[PDB]
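# Residue-level structural notes
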Amino acid sequence: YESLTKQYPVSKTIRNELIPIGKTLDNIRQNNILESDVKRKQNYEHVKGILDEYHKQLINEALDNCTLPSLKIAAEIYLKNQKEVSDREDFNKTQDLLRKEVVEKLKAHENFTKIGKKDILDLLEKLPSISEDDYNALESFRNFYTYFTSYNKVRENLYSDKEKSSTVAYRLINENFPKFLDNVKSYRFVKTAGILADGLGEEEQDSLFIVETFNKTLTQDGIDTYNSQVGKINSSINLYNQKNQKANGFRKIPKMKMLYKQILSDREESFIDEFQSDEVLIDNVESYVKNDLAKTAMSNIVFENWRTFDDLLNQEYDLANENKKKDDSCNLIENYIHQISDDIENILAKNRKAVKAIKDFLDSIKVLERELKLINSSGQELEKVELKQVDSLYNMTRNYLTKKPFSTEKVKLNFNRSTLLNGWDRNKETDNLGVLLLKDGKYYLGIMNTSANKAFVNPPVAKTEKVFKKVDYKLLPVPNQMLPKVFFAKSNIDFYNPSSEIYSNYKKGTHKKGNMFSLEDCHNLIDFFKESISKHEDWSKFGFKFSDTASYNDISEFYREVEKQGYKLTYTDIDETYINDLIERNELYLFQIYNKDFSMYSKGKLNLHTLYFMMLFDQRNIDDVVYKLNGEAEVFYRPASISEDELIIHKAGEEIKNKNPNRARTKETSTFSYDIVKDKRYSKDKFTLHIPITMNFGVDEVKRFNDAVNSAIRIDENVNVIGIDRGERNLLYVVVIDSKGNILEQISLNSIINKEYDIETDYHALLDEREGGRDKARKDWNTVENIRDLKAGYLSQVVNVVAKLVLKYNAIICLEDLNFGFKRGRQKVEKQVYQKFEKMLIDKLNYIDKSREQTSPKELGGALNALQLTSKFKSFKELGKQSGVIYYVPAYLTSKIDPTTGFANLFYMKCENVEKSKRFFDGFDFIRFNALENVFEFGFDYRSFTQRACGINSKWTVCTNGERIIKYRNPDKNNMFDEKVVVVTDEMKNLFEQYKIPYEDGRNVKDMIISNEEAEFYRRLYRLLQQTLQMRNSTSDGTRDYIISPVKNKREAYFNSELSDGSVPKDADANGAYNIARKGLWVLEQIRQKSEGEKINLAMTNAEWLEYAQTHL
RNA sequence: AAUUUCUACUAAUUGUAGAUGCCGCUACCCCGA
DNA sequence: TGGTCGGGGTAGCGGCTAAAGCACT
DNA sequence: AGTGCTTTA
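- Determination of this PDB entry was carried out by cryo-EM to a resolution of 3.95 Å, according to the record.

### Overview of the overall build of chain A
- Counting its secondary structure elements, chain A contains 30 helices and 13 strands.
- Dimensions of chain A, computed from C-alpha atoms along their principal axes, come out at roughly 115 × 85 × 80 Å.

### Let's talk about the sheet that holds strand β7 (residues 588-593)
- On the basis of which strands lie adjacent, the open sheet formed by five strands has the order β6-β5-β3-β4-β7 and antiparallel pairing. The strands lining the two open edges of the sheet, one partner per strand, are β6 (567-572) and β7. Across this sheet, the average inter-strand angle for adjacent strands is 30°, counted without regard to direction.
- One ladder, built from five bridges, connects strand β3 (residues 434-438) with strand β4 (residues 443-448); its direction is antiparallel. Among the inter-strand pairings, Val-435 is bridged to a residue of β4, identified as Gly-446.

### Here's the deal with the domain arrangement of chain A
- The assigned domain composition of chain A is domain 1 (12-21 + 415-476 + 571-636), domain 2 (479-565), domain 3 (640-684), domain 4 (715-792 + 810-843 + 875-895 + 1071-1110) and domain 5 (907-1030).
- Each of domain 2 and domain 5 has a C-alpha centre, and the two are 87 Å apart.

### Brief notes about the sheet that holds strand β2 (residues 17-18)
- Reading across the sheet, the three strands line up as β2-β9-β8 and stay open at both edges, with antiparallel pairing between neighbours. Pairing within the sheet leaves two strands with one partner each, and these edge strands are β2 and β8 (636-638).
- In this sheet, strand β9 (residues 686-688) lies alongside β2 in antiparallel orientation, the contact comprising two bridges. Among the inter-strand pairings, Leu-18 is bridged to a residue of β9, identified as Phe-687.

### Digging into empty space enclosed by the protein
- Of the pockets and cavities examined, the largest cavity occupies roughly 210 Å³.
- Surrounding the largest cavity, 19 residues form its lining, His-46, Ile-50, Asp-273, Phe-275 and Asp-278 being those nearest its centre.
- Here the residues of the lining of the largest cavity are counted per class, giving eight nonpolar, four polar and seven charged.

### What about the protein's contact with DNA strand D?
- In the vicinity of DNA strand D, the contacting residues are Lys-118, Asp-122, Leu-124, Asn-143, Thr-146, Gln-481, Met-482 and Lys-485.
- Backbone atoms, meaning sugar and phosphate, form 35% of the atoms of DNA strand D found within 4 Å of the protein.
- Separating a phosphate oxygen of DNA strand D from a side-chain N or O atom of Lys-118 is a distance of 3.2 Å.
- Here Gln-481 contributes a side-chain N or O atom positioned 3.1 Å from a base nitrogen of DNA strand D.
- Classifying every residue of the surface near DNA strand D gives two nonpolar, three polar and three charged.

### Points about the packing of helix α23 (residues 789-809) against helix α24 (residues 833-845)
- Where α23 meets α24, the axes come as close as 10 Å, and the angle between the chain directions of the two elements is 45°. Relative to α24, the element α23 lies oblique. As for how α23 packs across α24, the hand of that crossing is right-handed. For the pair α23 and α24, the contacting residues are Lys-791, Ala-792, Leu-795, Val-798, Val-799 and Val-802 in the first and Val-833, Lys-836, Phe-837, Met-840, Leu-841 and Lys-844 in the second.
- Classifying every residue of the contact of α23 with α24 by side-chain character gives nine nonpolar, no polar and three charged.

### Digging into the nonpolar core
- Counting 60 residues, the largest nonpolar core has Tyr-794, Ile-813, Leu-841 and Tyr-887 as its most contacted members.
- Among the elements of the structure, α21 (707-714), β11 (721-724), β12 (734-737), α23, β13 (812-813), α24, α29 (1068-1089) and α30 (1102-1110) are those that each provide at least two residues to this core.
- Broken down by element, the residue count for this core peaks at ten residues, all from α29.
- Beyond its immediate chain neighbours, meaning those up to four positions away, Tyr-887 contacts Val-709, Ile-713, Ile-813, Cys-814, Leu-815, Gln-882, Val-1083, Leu-1084, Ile-1087, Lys-1095 and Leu-1098.
- Core analysis: the next-biggest nonpolar cluster, separate from the first, contains 48 residues, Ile-14, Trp-424, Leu-588 and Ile-691 among them.

### Topic: the pattern of salt bridges
- Taken as a whole and assessed by the stated rule, the structure comprises 46 salt bridges.
- Close ionic contact of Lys-412 with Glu-634 constitutes a salt bridge, the shortest N to O distance being 3.9 Å. One end of the pair, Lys-412, is in the loop between α12 (391-397) and α13 (429-432); the other, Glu-634, is in the loop between α20 (608-616) and β8, with 222 residues separating them in the sequence.
- On the basis of relative accessible area, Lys-412 is assigned to the partly exposed category, the value being 26%.
- Of the residues examined, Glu-634 reaches a relative accessible area of 30% and is grouped as partly exposed.
- The partner of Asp-768 in a salt bridge is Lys-828, with the nearest N and O atoms 3.9 Å apart. Taken together, the residues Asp-768 in helix α22 (residues 768-777) and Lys-828 in the loop between β13 and α24 connect sequence positions 60 residues apart.
- The class for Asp-768 is buried, based on a relative accessible area of 15%.
- Taking the relative accessible area as the measure of exposure, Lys-828 reaches 22% and is therefore partly exposed.

The rules behind each value
Residues numbered from 1 in each chain as written, not as in the entry; some residues may be left out. Chains lettered and ligands numbered in written order. Heavy atoms only, no water. Residues with missing side-chain atoms left out of burial classes, pairs and counts. Helix = DSSP H or I, 4+ residues; strand = E, 2+ residues; numbered from the N terminus. Pairing = 2+ DSSP bridges. Axes fitted to C-alpha atoms, helices over the stretch in contact; angles between N-to-C directions. Domains from an automatic or database assignment. 1 Å grid on protein atoms, 1.4 Å probe; cavity = no way out; pocket = protein on both sides within 12 Å on 5 of 7 lines; lining within 4 Å. Points joined across faces, edges and corners; volume = space filled by probe spheres on them. Nonpolar A, V, L, I, M, F, W, Y, C, P; charged D, E, K, R; others polar. Near = heavy atom within 4 Å. Polar contact = N/O pair within 3.5 Å; in protein donor to acceptor, adjacent residues only side chain to side chain. Parallel < 35°, antiparallel > 145°, perpendicular 65-115°, else oblique. Left-handed = near helix turned anticlockwise from the far one by under 90°. Contact = heavy atoms within 4.5 Å. Core = buried A, V, L, I, M, F, W, Y, C linked by side-chain atoms within 4.5 Å. Buried < 20%, exposed > 50% of the residue type's maximum accessible area, 1.4 Å probe, protein only. Salt bridge = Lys/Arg side-chain N within 4 Å of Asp/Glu carboxyl O.

The structure is reproduced here in structure tokens:
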């Protein structure tokens, strides 16, 4: 499995730590960044609600009020069967948004705001603010490096693929017209809204047949006009919705109309305009006739009852009168809350009034909205008026904590250079302000001061032999763009004439995508590029070796060859004393980096991320196709969190005890030094970096899952398979196997152990009893352990275990499916944390690394070339397919039950009627009894059962022997139950003695039982019949294992889990893991059966699975 | 009870063993004061 | 069941982005 | 005769 190595350009962002070195307090202000007092954020009442609010004008004065409304502009049946046979993929385009130029009509108006042109947001005041304590008019701050592609322009594509299901400006026309073709295929006499709308009497629209400018719902008036009034009238009326019949209540949750949820620009942008008095203004100042009704209590300020008159009317018949469920008219029991919305006869009429009296008044109308319940004004009036137009902006007034990660109004400050760190190339040394440097071992970092940026352009040669080595590099970005950018600029055209024919060819674009042309002229263009780069000196410093003239790289291949060669790092000696001589002038912000790892006596193994950063500048290695520093690397300061006083800590003499068993025993004193210990990471200030990384830079191929597995598929080196399962006693018991089902491991991941350190961790009961502690402590207050953080850490540790197993035994991972599977079901892990375990196991299997103090990195797990075992995942919808080396198989009717009979659920369902029970018995061949082993054995054949193709060969004779510890129900003493049957046999000898039947003849005693008729007799016979087959034991507290299949496995084995043999699963969930492994080997055989890049589906049928499980020997 | 970040660690020790894309685009969900 | 406020996550939704003209004071 | 840069490409 030596393929799959650096076969996908993965990328990461190392998050390292900074500490200064030298003086490192350069500036007179002592900030060293000058992001130390922004002051733009405290008392933000002047500025709040300006930019994002005037986005409302920016959208309103640009969108097209009168679009091309006609759905019939396509002029097409679509698909009603009244058309020609030849579709020719045109009808699906008619379903699709085949129009193009409505965006062109949208963008007709540039639409700058009343307050200011873009220049007010682009002119550099070079200040954090201009506003004042009294008021502000055109407040702004400096530009901060390309807001355009990032913050505000994302809102300006509404008919596009923005990947959010609310900007519904074209999915409405995409969906409603197919729905109307359905509504004319069938007719609307099944829906309730056609006539429940006692008035309008329509499902959605005033007249459903006609088209309409549905974007009226998108604007300020919102979906209230579309929905809210008929929502209000929807109540206990229409008793046939509450009294079933052929229609008008065809389902319990119909709600037959909906326009899809409010657009991104809605729930947003309350009312305010450019005025010379400022307000925080979270509330509707224009007009709050809105009422988000929530109709339970009226006059709750001055009534104090959650239901107004229901509280007054009665208190006994609220529960004394029987509920509606068993005793089914809704209009007499629930119509109270529908007639409760008695409308207020009048229209607190108030606006933002008293702010001018003193400088500080904040929230008048917000307090009015808070204290007053919704105004009960904008009702319904039995017909769907523009009532409740301003719920859409009260929806800004509420939930304002939810929507605001980043607009352009709140970007953070940094060094006095917007482009900080955008590129650390040779030529851009002067402007990008960044410089890399390092001594031996300690990795330094330099940032030039703004005053003397050009001071570093002249490094004098070495004088003293105290080096302070400095690193620089050189590259060539985006060669699709730089190559046409250079040699076609008007300046370089003057400095070097190109041929007019080639310029004409490129301007018309003969050589671009989608054309047949003279390949010799394409070669002429390529030569023009090559020789005009030969003209250069800065570009010519690169060792560029492009292709040959016999057949040159295509233009995409040309840019690939340009990009992959274009990166070279080097270094030059610098006098340390000279750095000391210059830093006095406050001209260079120096830094250096370390963490837990960089310390020689700290011999312990490295963190994985300090290995990458350390090996990045491994100057002895070229790092040609290995990690390359790239892109912006913005820094981040945080302040100190917790004080030393709050750090409660013992002084010298802290011989405290160990929490762990087997180390609280051996070393209870906890021998230690007296550098007394505590988490210090929050005890001080901090500086942090982000270094983007393109691990496996320059790799020339992105591939797929079949590509990411088929190399293993031809020649195996992987045949083993990991099983995974969960259960009660073991949380996540795992089982690996071999090709032919030989179990090779039985380790419970409840227990893990540091083998190299070779001291037992006793992880069992540090897992199960600790999560039990969380279970019994989380009910009343938020425990220290989050509800899933311990599971996250445990699964994180398990990733190392499974990765080591994969690399040791060659085994491939075969986690259970959760799509072809049916239920959600009772589970040991509640919210499908197993799903994010799949995600984590993919995410790490993108790349184990040793991460030790010294390395010889030329290895598969040597941190140079990490094996990319699985390609990246896209979606859980994409899951259910083989994610590289993480296959999936279903898990249903086999997670608990061995397949030897498998009828844990009885082959028939439970019997109630006496004659049906008799018929159910009559399929049996013989019910018998032998007093030797006391076995009251039975007999039956497969063919006489429902679903007579599900199983295969149910001719086995279910026996009855051995004890069972089954979970009785004997609720006499408040849900008591007998913990066991004494033995499964002999509990019905008394039942036979009730009739005194000759049960020792060897006859089919059934012949008498059909003649016997007693309800309790057959009820108890049912209980013992289901219980003798209950082959999994309900393990007690202080668990005991008994996997006891009544059918013999040819040797009276019963797969008895009390035994010690390895092939026998030790526990029930271990047997389930074994079953998942046996499905895993089958799906691997299914894959091997194929012989092309095409692969059959991963799924299984229950019949086929039961067939193979029967034929597992 | 030590970190750069998270779980758990004491683990010969101002540390141990294993894991992680930071800013960022706005959305859904699912049950609930 | 449209009835209102969540409430915290879930999943598919920018990244893994760096030189050169060019209009510049 | 020009440094900031938003532009491109």
